[PDB]
file upload-v4.txt (compact mmCIF, C-alpha atoms and all ligand atoms)
# COMPACT_ATOMS: atom_id res chain seq x y z
CA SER B 981 0.00 0.00 0.00
CA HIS B 982 0.84 3.72 -0.13
CA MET B 983 2.28 4.83 3.21
CA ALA B 984 2.29 8.56 2.36
CA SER B 985 -1.54 8.70 2.50
CA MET B 986 -2.07 6.29 5.44
CA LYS B 987 -4.21 8.01 8.09
CA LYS B 988 -3.59 8.16 11.85
CA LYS B 989 -6.29 7.40 14.41
CA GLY B 990 -7.32 10.35 16.58
CA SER B 991 -6.71 10.74 20.29
CA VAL B 992 -9.21 9.90 22.99
CA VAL B 993 -10.80 13.23 24.02
CA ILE B 994 -12.32 14.20 27.38
CA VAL B 995 -15.76 15.64 26.48
CA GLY B 996 -17.24 16.01 29.97
CA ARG B 997 -17.49 14.46 33.42
CA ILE B 998 -19.74 12.85 35.97
CA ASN B 999 -19.91 15.36 38.79
CA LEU B 1000 -19.84 13.56 42.16
CA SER B 1001 -18.53 16.47 44.24
CA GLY B 1002 -21.85 17.45 45.86
CA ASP B 1003 -25.13 16.00 47.12
CA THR B 1004 -26.30 15.25 43.55
CA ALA B 1005 -24.61 13.24 40.79
CA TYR B 1006 -24.99 14.69 37.30
CA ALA B 1007 -23.28 14.60 33.92
CA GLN B 1008 -21.64 17.75 32.55
CA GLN B 1009 -20.48 18.25 28.99
CA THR B 1010 -17.31 20.31 28.64
CA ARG B 1011 -16.74 19.99 24.86
CA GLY B 1012 -19.07 19.78 21.84
CA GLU B 1013 -18.64 17.59 18.75
CA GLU B 1014 -16.87 20.18 16.53
CA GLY B 1015 -14.30 20.78 19.29
CA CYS B 1016 -13.99 17.06 20.04
CA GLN B 1017 -13.22 16.27 16.38
CA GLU B 1018 -10.51 18.96 16.09
CA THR B 1019 -8.96 18.05 19.46
CA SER B 1020 -8.94 14.33 18.51
CA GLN B 1021 -6.85 15.04 15.38
CA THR B 1022 -4.42 17.54 16.97
CA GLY B 1023 -4.30 15.75 20.34
CA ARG B 1024 -4.04 19.21 21.93
CA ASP B 1025 -6.63 19.76 24.68
CA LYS B 1026 -6.39 22.99 26.67
CA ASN B 1027 -9.70 22.50 28.57
CA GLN B 1028 -9.62 22.40 32.37
CA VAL B 1029 -10.11 18.87 33.75
CA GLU B 1030 -11.97 18.23 37.03
CA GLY B 1031 -13.22 15.26 39.02
CA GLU B 1032 -12.62 11.51 39.10
CA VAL B 1033 -14.92 10.25 36.32
CA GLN B 1034 -14.45 11.67 32.80
CA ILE B 1035 -16.70 11.17 29.80
CA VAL B 1036 -14.43 10.43 26.83
CA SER B 1037 -14.86 10.07 23.07
CA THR B 1038 -13.18 8.98 19.88
CA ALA B 1039 -14.52 9.74 16.39
CA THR B 1040 -16.73 6.63 16.61
CA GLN B 1041 -17.34 5.78 20.30
CA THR B 1042 -18.12 7.42 23.64
CA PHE B 1043 -17.52 5.90 27.07
CA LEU B 1044 -16.05 6.77 30.51
CA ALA B 1045 -12.61 6.94 32.13
CA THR B 1046 -11.86 6.87 35.86
CA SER B 1047 -8.86 8.22 37.80
CA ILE B 1048 -7.47 5.83 40.43
CA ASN B 1049 -4.02 6.26 41.99
CA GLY B 1050 -3.01 9.06 39.54
CA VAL B 1051 -3.86 7.05 36.42
CA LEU B 1052 -6.87 7.67 34.15
CA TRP B 1053 -8.21 4.15 33.45
CA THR B 1054 -10.53 2.95 30.71
CA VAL B 1055 -11.40 -0.07 28.57
CA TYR B 1056 -9.28 -1.32 25.67
CA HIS B 1057 -12.41 -2.04 23.60
CA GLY B 1058 -13.16 1.68 23.71
CA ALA B 1059 -9.70 3.27 23.60
CA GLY B 1060 -7.65 0.71 21.69
CA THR B 1061 -4.00 1.81 21.78
CA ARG B 1062 -4.94 5.48 21.30
CA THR B 1063 -3.23 8.46 22.83
CA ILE B 1064 -5.26 10.86 24.98
CA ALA B 1065 -5.46 14.56 24.08
CA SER B 1066 -3.73 16.85 26.57
CA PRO B 1067 -2.60 20.52 26.83
CA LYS B 1068 0.86 19.89 25.32
CA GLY B 1069 -0.19 17.22 22.79
CA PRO B 1070 -1.08 13.53 22.59
CA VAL B 1071 -0.06 11.41 25.58
CA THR B 1072 0.82 7.73 25.05
CA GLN B 1073 -0.81 5.06 27.23
CA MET B 1074 1.35 4.05 30.19
CA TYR B 1075 -0.69 0.84 30.60
CA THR B 1076 -2.22 -1.39 27.95
CA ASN B 1077 -3.60 -4.87 28.60
CA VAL B 1078 -5.96 -6.34 25.99
CA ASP B 1079 -6.35 -9.51 28.07
CA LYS B 1080 -7.82 -7.43 30.96
CA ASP B 1081 -9.59 -5.05 28.53
CA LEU B 1082 -7.66 -2.28 30.28
CA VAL B 1083 -5.69 0.82 29.32
CA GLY B 1084 -4.33 3.75 31.32
CA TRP B 1085 -2.74 7.17 30.86
CA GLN B 1086 -1.20 9.45 33.45
CA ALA B 1087 -4.06 11.32 35.15
CA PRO B 1088 -4.67 14.80 33.67
CA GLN B 1089 -3.55 17.84 35.63
CA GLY B 1090 -6.66 19.08 37.50
CA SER B 1091 -8.29 15.65 37.87
CA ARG B 1092 -8.89 13.98 41.24
CA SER B 1093 -8.14 10.32 41.94
CA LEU B 1094 -10.29 7.75 43.72
CA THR B 1095 -8.50 5.76 46.43
CA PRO B 1096 -8.43 1.96 45.93
CA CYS B 1097 -10.81 0.10 48.25
CA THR B 1098 -9.40 -1.89 51.16
CA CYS B 1099 -12.75 -2.33 52.96
CA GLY B 1100 -13.47 -5.83 51.65
CA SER B 1101 -17.11 -4.70 51.30
CA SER B 1102 -19.46 -6.38 48.80
CA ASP B 1103 -22.14 -3.64 48.69
CA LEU B 1104 -21.09 -1.63 45.62
CA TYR B 1105 -22.34 1.24 43.48
CA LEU B 1106 -21.89 1.57 39.71
CA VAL B 1107 -21.79 5.10 38.27
CA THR B 1108 -23.09 5.43 34.68
CA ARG B 1109 -22.41 8.00 31.95
CA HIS B 1110 -25.86 9.43 32.75
CA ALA B 1111 -24.90 9.88 36.44
CA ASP B 1112 -27.19 7.11 37.64
CA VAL B 1113 -25.83 5.42 40.75
CA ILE B 1114 -26.72 1.72 40.53
CA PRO B 1115 -26.54 -0.54 43.62
CA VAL B 1116 -24.50 -3.67 42.80
CA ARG B 1117 -23.91 -6.70 45.07
CA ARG B 1118 -20.41 -8.09 44.54
CA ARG B 1119 -20.74 -11.79 43.59
CA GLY B 1120 -17.11 -12.72 42.85
CA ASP B 1121 -13.67 -11.27 42.17
CA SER B 1122 -14.87 -9.60 38.95
CA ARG B 1123 -18.70 -9.80 38.83
CA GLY B 1124 -21.63 -8.07 40.55
CA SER B 1125 -25.43 -8.38 40.29
CA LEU B 1126 -27.67 -5.36 39.74
CA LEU B 1127 -30.16 -4.99 42.61
CA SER B 1128 -32.61 -3.83 39.91
CA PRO B 1129 -31.94 -5.24 36.40
CA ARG B 1130 -31.85 -2.70 33.52
CA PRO B 1131 -31.93 -3.04 29.72
CA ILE B 1132 -28.38 -3.04 28.29
CA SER B 1133 -29.29 0.29 26.60
CA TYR B 1134 -29.15 1.81 30.09
CA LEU B 1135 -25.52 0.74 30.59
CA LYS B 1136 -24.18 1.25 27.04
CA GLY B 1137 -21.42 3.88 27.02
CA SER B 1138 -20.56 3.38 30.69
CA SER B 1139 -17.58 1.01 30.30
CA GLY B 1140 -14.59 2.57 32.03
CA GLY B 1141 -16.88 3.89 34.79
CA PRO B 1142 -16.30 3.06 38.48
CA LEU B 1143 -17.82 0.63 40.92
CA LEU B 1144 -17.46 2.23 44.38
CA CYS B 1145 -17.76 0.90 47.93
CA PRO B 1146 -20.04 2.63 50.51
CA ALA B 1147 -17.08 4.86 51.56
CA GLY B 1148 -16.50 6.01 47.95
CA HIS B 1149 -13.32 4.00 47.29
CA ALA B 1150 -12.80 2.55 43.82
CA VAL B 1151 -13.55 -1.22 43.77
CA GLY B 1152 -13.42 -1.72 39.99
CA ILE B 1153 -13.77 -0.49 36.41
CA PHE B 1154 -16.94 -1.45 34.49
CA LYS B 1155 -16.08 -3.76 31.55
CA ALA B 1156 -19.09 -5.71 30.26
CA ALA B 1157 -22.79 -6.35 30.96
CA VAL B 1158 -24.04 -9.87 31.72
CA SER B 1159 -27.17 -9.89 29.58
CA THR B 1160 -30.21 -12.18 29.22
CA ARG B 1161 -32.62 -11.25 26.39
CA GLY B 1162 -31.28 -7.67 26.40
CA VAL B 1163 -31.62 -7.22 30.18
CA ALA B 1164 -28.46 -6.65 32.25
CA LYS B 1165 -28.74 -8.69 35.47
CA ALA B 1166 -25.04 -8.38 36.34
CA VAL B 1167 -21.82 -6.64 35.36
CA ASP B 1168 -18.22 -7.73 34.86
CA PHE B 1169 -15.51 -5.35 36.04
CA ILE B 1170 -11.74 -5.04 36.30
CA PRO B 1171 -11.13 -5.22 40.05
CA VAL B 1172 -8.89 -2.54 41.58
CA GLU B 1173 -6.39 -5.25 42.70
CA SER B 1174 -5.85 -6.05 39.02
CA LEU B 1175 -5.14 -2.35 38.31
CA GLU B 1176 -2.65 -2.38 41.18
CA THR B 1177 -1.00 -5.55 39.85
CA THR B 1178 -0.88 -3.89 36.40
CA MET B 1179 0.79 -0.86 38.05
CA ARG B 1180 3.63 -3.12 39.32
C1 LIG W 1201 -23.76 -2.32 27.88
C2 LIG W 1201 -22.74 -1.74 28.50
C3 LIG W 1201 -21.54 -2.59 28.75
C4 LIG W 1201 -20.26 -2.14 29.63
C5 LIG W 1201 -20.21 -2.08 28.03
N1 LIG W 1201 -19.25 -3.05 27.54
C6 LIG W 1201 -19.44 -3.79 26.32
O1 LIG W 1201 -20.34 -3.60 25.60
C7 LIG W 1201 -18.51 -5.00 26.02
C8 LIG W 1201 -17.45 -5.08 24.81
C9 LIG W 1201 -17.43 -6.36 24.51
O2 LIG W 1201 -16.80 -7.16 25.47
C10 LIG W 1201 -15.43 -7.17 25.51
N2 LIG W 1201 -14.70 -6.60 24.54
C11 LIG W 1201 -13.40 -6.63 24.56
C12 LIG W 1201 -12.67 -7.23 25.58
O3 LIG W 1201 -11.27 -7.25 25.63
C13 LIG W 1201 -10.55 -6.54 24.71
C14 LIG W 1201 -13.39 -7.84 26.61
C15 LIG W 1201 -12.74 -8.51 27.67
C16 LIG W 1201 -13.44 -9.10 28.67
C17 LIG W 1201 -14.82 -9.06 28.67
CL1 LIG W 1201 -15.71 -9.79 29.92
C18 LIG W 1201 -15.48 -8.44 27.63
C19 LIG W 1201 -14.76 -7.83 26.57
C20 LIG W 1201 -18.92 -6.70 24.55
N3 LIG W 1201 -19.35 -6.02 25.81
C21 LIG W 1201 -20.51 -6.41 26.60
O4 LIG W 1201 -20.80 -5.83 27.55
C22 LIG W 1201 -21.42 -7.60 26.09
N4 LIG W 1201 -21.60 -8.61 27.08
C23 LIG W 1201 -20.62 -9.60 27.27
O5 LIG W 1201 -19.82 -9.86 26.44
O6 LIG W 1201 -20.91 -10.39 28.39
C24 LIG W 1201 -20.12 -11.51 28.75
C25 LIG W 1201 -18.66 -11.11 28.89
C26 LIG W 1201 -20.62 -12.05 30.10
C27 LIG W 1201 -20.28 -12.61 27.70
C28 LIG W 1201 -22.80 -7.07 25.56
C29 LIG W 1201 -22.59 -5.86 24.66
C30 LIG W 1201 -23.44 -8.22 24.82
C31 LIG W 1201 -23.73 -6.69 26.70
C32 LIG W 1201 -20.10 -0.56 27.22
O7 LIG W 1201 -20.70 0.31 27.73
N5 LIG W 1201 -19.29 -0.46 26.11
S1 LIG W 1201 -19.21 0.92 25.43
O8 LIG W 1201 -20.42 1.12 24.99
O9 LIG W 1201 -19.00 1.91 26.29
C33 LIG W 1201 -17.96 0.67 24.13
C34 LIG W 1201 -16.67 1.28 24.60
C35 LIG W 1201 -17.52 2.02 23.66
ZN ZN W 1202 -13.82 0.74 50.49
call {"tool": "encode", "arguments": {"input": "upload-v4.txt", "output": "structure tokens", "more": "lines below"}}
Ligand SMILES: C=C[C@@H]1C[C@]1(NC(=O)[C@@H]1C[C@@H](Oc2ncc(OC)c3ccc(Cl)cc23)CN1C(=O)[C@@H](NC(=O)OC(C)(C)C)C(C)(C)C)C(=O)NS(=O)(=O)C1CC1
Ligand SMILES: [Zn+2]
result
Amino acid sequence: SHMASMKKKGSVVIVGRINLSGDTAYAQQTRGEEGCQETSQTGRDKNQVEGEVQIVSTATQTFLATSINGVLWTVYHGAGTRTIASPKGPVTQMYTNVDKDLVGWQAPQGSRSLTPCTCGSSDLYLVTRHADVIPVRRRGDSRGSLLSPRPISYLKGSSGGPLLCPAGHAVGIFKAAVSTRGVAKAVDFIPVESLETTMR
């Protein structure tokens, strides 16, 4: 083929956040589609970053990313091997594991990090891209049941979002829905211990 006209994939772009700083959880958009597209190609993102849970986008997908221990984590099936846009240009992943469906970049300046859970608690809460907080009972190392099942439509675009313990520690990163006839009864996640193993 003709290398001179081979395209490059864009960067992952932060387009908003799930605000969890107050009494009420709600989604905020910080960048529109025109801006997202331009920032994805340049990889230069001068927007102020805040909070632990970012809403991110490529040209073709939108999902979430969560800061834990100074690393912005998300799913490989969303991000691939892409760089993330940042103030001084594209930033290369510092973690990539296709087997775990996991990628990570250094956490953006301005972001806040969740602390990894050491509670050993099995009463969890999944935070969606729509800022719904979904009670989840932990059922194994990497699976939890929804207390109230939801159609998979409800969860689509929330991979890379956090499962939190009652104290607000990060317990895992949302990976896949366990679905029966389109209804999500459970969720698979990357447990925080796996992140911490990946970090070492
Ligand atoms: C509905 C919301 C769920 C959380 C969600 N994730 C998904 O859709 C994922 C992607 C795909 O699975 C996997 N791909 C690649 C992997 O590695 C590279 C995986 C390594 C390990 C495992 Cl576990 C799965 C992997 C299929 N899938 C399912 O969840 C599927 N379920 C699934 O596969 O369930 C079982 C695993 C139990 C079979 C299905 C779509 C059918 C519900 C999402 O929101 N995505 S997204 O929209 O944001 C998209 C990033 C833009
Ligand atoms: Zn905890």
call {"tool": "residues_around", "arguments": {"input": "upload-v4.txt", "residues": "residue 1027 of chain B", "least_positions_apart": "4", "cutoff": "9 Å", "atoms": "only C-alpha atoms", "output": "PyMOL selection string"}}
result
chain B and resi 994+1010-1011+1066-1067
call {"tool": "closest_residue", "arguments": {"input": "upload-v4.txt", "among": "B:1098, B:1165, B:1106, B:1058", "to": "ligand LIG 1201 (chain W)", "atoms": "only C-alpha atoms and all ligand atoms"}}
result
B:1058
call {"tool": "residues_around", "arguments": {"input": "upload-v4.txt", "residues": "residue 1049 of chain B", "least_positions_apart": "3", "cutoff": "10 Å", "atoms": "all atoms listed in the file", "output": "PDB file with C-alpha atoms, in the frame of the given file"}}
result
ATOM      1  CA  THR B1046     -11.860   6.870  35.860  1.00  0.00           C
ATOM      2  CA  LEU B1052      -6.870   7.670  34.150  1.00  0.00           C
ATOM      3  CA  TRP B1053      -8.210   4.150  33.450  1.00  0.00           C
ATOM      4  CA  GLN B1086      -1.200   9.450  33.450  1.00  0.00           C
ATOM      5  CA  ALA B1087      -4.060  11.320  35.150  1.00  0.00           C
ATOM      6  CA  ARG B1092      -8.890  13.980  41.240  1.00  0.00           C
ATOM      7  CA  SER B1093      -8.140  10.320  41.940  1.00  0.00           C
ATOM      8  CA  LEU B1094     -10.290   7.750  43.720  1.00  0.00           C
ATOM      9  CA  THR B1095      -8.500   5.760  46.430  1.00  0.00           C
ATOM     10  CA  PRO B1096      -8.430   1.960  45.930  1.00  0.00           C
ATOM     11  CA  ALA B1150     -12.800   2.550  43.820  1.00  0.00           C
ATOM     12  CA  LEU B1175      -5.140  -2.350  38.310  1.00  0.00           C
ATOM     13  CA  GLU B1176      -2.650  -2.380  41.180  1.00  0.00           C
ATOM     14  CA  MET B1179       0.790  -0.860  38.050  1.00  0.00           C
TER      15      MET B1179
END
call {"tool": "residues_around", "arguments": {"input": "upload-v4.txt", "residues": "residue 1151 of chain B", "least_positions_apart": "4", "cutoff": "6 Å", "atoms": "all atoms listed in the file", "output": "PyMOL selection string"}}
result
chain B and resi 1097+1143-1144+1171-1172
call {"tool": "axis_aligned_box", "arguments": {"input": "upload-v4.txt", "around": "ligand LIG 1201 (chain W)", "padding_each_side": "8 Å", "output": "lines of an AutoDock Vina configuration file"}}
result
center_x = -17.2
center_y = -5.3
center_z = 26.9
size_x = 29.2
size_y = 30.6
size_z = 22.4
call {"tool": "residues_near_point", "arguments": {"input": "upload-v4.txt", "point": "(-26.8, -4.2, 36.5)", "cutoff": "9 Å", "atoms": "all atoms listed in the file", "output": "list in words"}}
result
residues 1106, 1114, 1115, 1116, 1124, 1125, 1126, 1127, 1128, 1129, 1130, 1131, 1132, 1135, 1157, 1158, 1159, 1163, 1164, 1165, 1166 and 1167 of chain B
call {"tool": "residues_near_ligand", "arguments": {"input": "upload-v4.txt", "ligand": "ligand LIG 1201 (chain W)", "cutoff": "9 Å", "atoms": "only C-alpha atoms and all ligand atoms", "output": "ChimeraX atom specification"}}
result
/B:1037,1040-1044,1054-1060,1077-1082,1108-1109,1131-1141,1154-1160,1162-1164,1166-1170
call {"tool": "residues_around", "arguments": {"input": "upload-v4.txt", "residues": "residue 1103 of chain B", "least_positions_apart": "6", "cutoff": "7 Å", "atoms": "only C-alpha atoms", "output": "PDB file with C-alpha atoms, in the coordinates of the input"}}
result
ATOM      1  CA  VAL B1116     -24.500  -3.670  42.800  1.00  0.00           C
ATOM      2  CA  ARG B1117     -23.910  -6.700  45.070  1.00  0.00           C
ATOM      3  CA  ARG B1118     -20.410  -8.090  44.540  1.00  0.00           C
ATOM      4  CA  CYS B1145     -17.760   0.900  47.930  1.00  0.00           C
ATOM      5  CA  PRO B1146     -20.040   2.630  50.510  1.00  0.00           C
TER       6      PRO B1146
END
call {"tool": "closest_residue", "arguments": {"input": "upload-v4.txt", "among": "B:1178, B:991, B:1022, B:1004", "to": "residue 1036 of chain B", "atoms": "all atoms listed in the file"}}
result
B:991
call {"tool": "closest_residue", "arguments": {"input": "upload-v4.txt", "among": "B:1113, B:998, B:1033, B:993", "to": "residue 1069 of chain B", "atoms": "all atoms listed in the file"}}
result
B:993
